[PDB]
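Labels run A, B, C, D and E following the written order; every chain starts at residue 1.
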């Protein structure tokens, strides 16, 4: 309905955009809201300079470091920039394609 | 003069990359990006500003900017696609509203598009379609991020004209060892023959732009190098 | 001089498609994917570049106008120079190969040949690809089938004369027999192709000189049709396009461009907004786009993007925002000393 | 003198020496090859092409436009008085040994039929179609440096500007009448050495394993199968050494595979 | 000016990121009728990151105030739980006043 309301608003404003385009826009805005919310969630850890946190994301949809083309790649921004190296070197509980290809 | 740290840049390839025999060096991409940023095509000033964002080997005469290396994932690999350019003489182009053809019997002499100096040029070039492109370089991460994200620069022969090798999602990660010039004695970019690095012989200018300057003998890596994206993100 | 980066989004008003020989295969019409089938297609920047170059050339034609005789002053040589940069008469300033900033006289005199290059003169406008901003934004559009008019609307037969009615019946009979012959020939071809994947070199050579002869048999049978060479009741193959309302990230730029060249580019974009069509299949109104391009520039010396304005093409109009964009447009409108005839 | 077109002219197209006539002093570079007049000794052949363009062709370049029906036979019976031209042959190639200055012509059977007897006396011709050029190159002991033209074609200018001496079997430059830019020499560069070693070592693999390897590599080079799938196919079929001997470049992979399935 | 000395000389273990955030906040507050949007991840320090700019701008035109709105009820304590003496010392170094107001 938020998509419907925005579509009606843009339609009355004269903007010509399909309903699915408004759905995509609302989905991207919701995804950014989700990124912020999980940034807040992660911020619950490391409240002091000496604090050490093991952050464990059990969601299958969280982008793997090697899967740079994942749909929710923006979720990598959940990890603070300073710890992005630690994002690259992370224990994967169930990695996919966990073999050694020969066409290197 | 700025503190330079070895960084690896990985970007998502969006269009096929056309390699002009020698693999595109990130120094060339950055040179084009600066030529856009500084409204000047003079090689001297663009190079002087490029040295401020890239580490330059005086003893070797090149920038610390590894050549193109295709990051291939287990999903998509290096693919062979033809960058395909055709003249499209539409009816609007072929109309008296746009020019005055020579007339005989009141009929307009049609343009011979099947050949000759006015043909439909079907220029096809090879291009390598990998899911990612990667370079290594000893330079400022901020400036290169800004340039690659905002400057109109791609990887390959003509990003400007053909829009080949469009990339996005430019991600920089720090490295532990400078892998721009050498890699266990294997040159990862064009270097002079006397540097002692093995690879493939070629002729090209050491410093960009690679279409000016005397073409002196150099050693360059394989034009098409592929590495697993997981191995590239290891650092 | 200034570098104007037009970073923006193209929202597709009606499906956006393009035919590329490498992308197009016998399996069907696919967009350039830069990889396998399970990859993200991109609208070529070559197509957008050619469309905008044609728009700019039309703008130049209008600015120049027509001779006293009502004919365009451009000849074939000049027309092709401005359209596609092919020197047909062999008369062009052969600039030095190593001197980058060559043709400043030509660049000033011919802003079109400045923005887009000619053969031997690097163009100033870099037109990037339109990259979709989603994972499902393309589809097999068009398709459908050509239906015989008289087999759908019986009323249309009331207009045909009995001789033409018999002609129609003969056409349908020929179509039926040609279908039932070509289908069997293609089945034999399919069997031969199935045997192509278990053959050795010798039998391969024997059984591929056979496939082309079956194709020639197909062509001869189609030629034998007295009333219609090609079947009219044809199922149209779909073409791959971007969905309606696809937000495609588009990256354009002009490099170290005088205000007049940028003005010509903006005028070309404004003219393009009259018929904002990219790609083919215009029969299905494909290509209609509305785009908003934030026009940025680089700070002198500093690597920071300043926002000089915005270019919003929509069916309701072209919105130029930013004083400097108007300045460039008027500057191009001024400086009447441009010389497109040499 | 020391340019690619001169060698092929001396080795192959000198047969029509009688059929040009004397040169003409010129003051502009040869439009066909493009090099400077300083290496023409100031002489050249003026000509007008089918597009009504005044073009200067030097001694080795003008031979591609000479009509010698009494030597080169008739190319199109509708026009008897214009025989086969070196610059108009499509599907015909040649291999020119520069140091020996000899030439072998790889023409299809139709062209060989059209050629008279007198032609063979000056140039040795072996019947081979467009696809059989690679068979001759692979099977016969080539002698380097050599100029390997693959398609004389009709774009003579691009042909001459694409000629490149093949100094050794590691890199044989095919001249297919398409302008040999630095972007597209990968499609015109043939590594007979790597193809030869791969063919030598392919004998150890079954025909089924061979077909599997070729199809997997072709699909991978065309991005029709995921790299994990191709790796699984190679590992299951024990095709690892073959991949190790392939170039990383997918276009070169396709070229050498095309060569392999021809020999 | 007093910016460089008063941070380190006061004994605060200020970091470079703290300096950058403080300078950005001060410069933004210098501009009139605009809006400043700065992201400040945990660790940079917001309690003192923006309040020191407020004091520095207080030194000039000392006839204004600075509301500091914090949503969380615990953070309003945090402004005056263990940093009120710190900001008071900073004011003593800079020299003029704090004049806190714990509004609820």
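The rule is short, and it goes like this: contacts are C-beta pairs under 8 Å (C-beta built on N, C-alpha and C of every residue); 3 or more make two chains touch, one makes a residue touch a chain.
Protein names from UniProt, one per chain: C = CRISPR type AFERR-associated protein Csf2.
Taking chain A out of the picture, touching joins the other chains into B, C, D | E. Distance from per-chain Cα centroids to the pooled protein Cα centroid is smallest for B.
Put simply, the C-alpha centre of chain C and that of chain D have 33 angstrom between them.
Once the centre of each chain is set as its mean CA position, chain C and chain E turn out to be 58 Å apart. Computed centre separation for the pair chain A/chain C is 36 angstrom, with centres defined by C-alpha atoms. In chain D, the residues that touch at least two other chains are 53, 220, 223, 226-228, 230-231. Residue numbers of chain C whose C-beta contacts span two or more other chains: 35-36, 39, 90. Residue positions of chain E with contacts to 2 or more other chains are absent.
By the touch rule above, chain C contacts chain D in their complex via residues 35-37, 39, 90, 197, 200-201.
Partner chain E is touched in their complex by these residues of chain A: 43, 46-47, 49, 80. Interface of chain A with chain B (complex): residues 65-69, 73, 84-85, 88-89, 97, 99, 101, 103-104. Against chain C, the residues of chain D that register as touching in their complex are 31, 53, 207, 211, 223-226, 261.
Listing the residues of chain D that touch chain A in their complex gives 220, 227-228, 230-231, 234-235, 240, 243.
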